[PDB]
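In: heads up, no residue letters with this:
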């Protein structure tokens, strides 16, 4: 377990949200370009919630 997820490593369309119930940022990185961002650990980001459909 190593919560080193960050908004750069995020994927456009999915809301990077914290488990406390807060929207931090949506994935600013678009999947078109090969995104390999730094593994900067942003613990305030829990997981990405893409539309549940």
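Out: In hand now; what should we look at? Numbering: from 1, shown residues only.

In: Name the nearest residue to the most centrally placed residue in the chain, ignoring sequence neighbours.
Out: For the chain, the residue lying nearest the average C-alpha position, counting by Cα atoms, centre = their mean, turns out to be residue 10 (3.6 Å). Take residue 10 and drop its neighbours on the chain: the residue closest to it by Cβ to Cβ, 6 or more residues apart in numbering is residue 27, 3.1 Å away. The way it works is simple: take the backbone N, C-alpha and C, and place the C-beta from them, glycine included.

In: residues making contact with stretch 43-53?
Out: Residues from elsewhere that reach stretch 43-53, judged by Cβ atoms under 8 Å, 6 or more residues apart in numbering: 3, 5-7, 10-11, 13-20, 24-25, 27.

In: List the buried residues of that stretch.
Out: Judged by neighbour count using 16 or more other Cβ atoms under 10 Å, the buried positions of stretch 43-53 are 45, 46, 48.

In: Pick the one among those residues closest to residue 33.
Out: residue 48 (17.7 Å; Cβ to Cβ).

In: Would you list the phi and psi of the closest one?
Out: With angles defined as degrees, to the nearest 10, residue 48 sits at phi -90, psi 130.

In: For it, list each beta-bridge partner.
Out: Taking DSSP bridges, one obtains residue 16 as the residues bridged to residue 48.

In: separation between it and residue 39?
Out: As judged by Cβ to Cβ, to the nearest Å, residue 48 and residue 39 stand 16 Å apart.

In: same deal with residue 7?
Out: For residue 7 relative to residue 39 (Cβ to Cβ), the value is 13 Å.

In: Tell me which of these two has more neighbours.
Out: Legend: neighbour count by other Cβ atoms under 10 Å for residue 7 and residue 39, higher for residue 7 (18 against 11).
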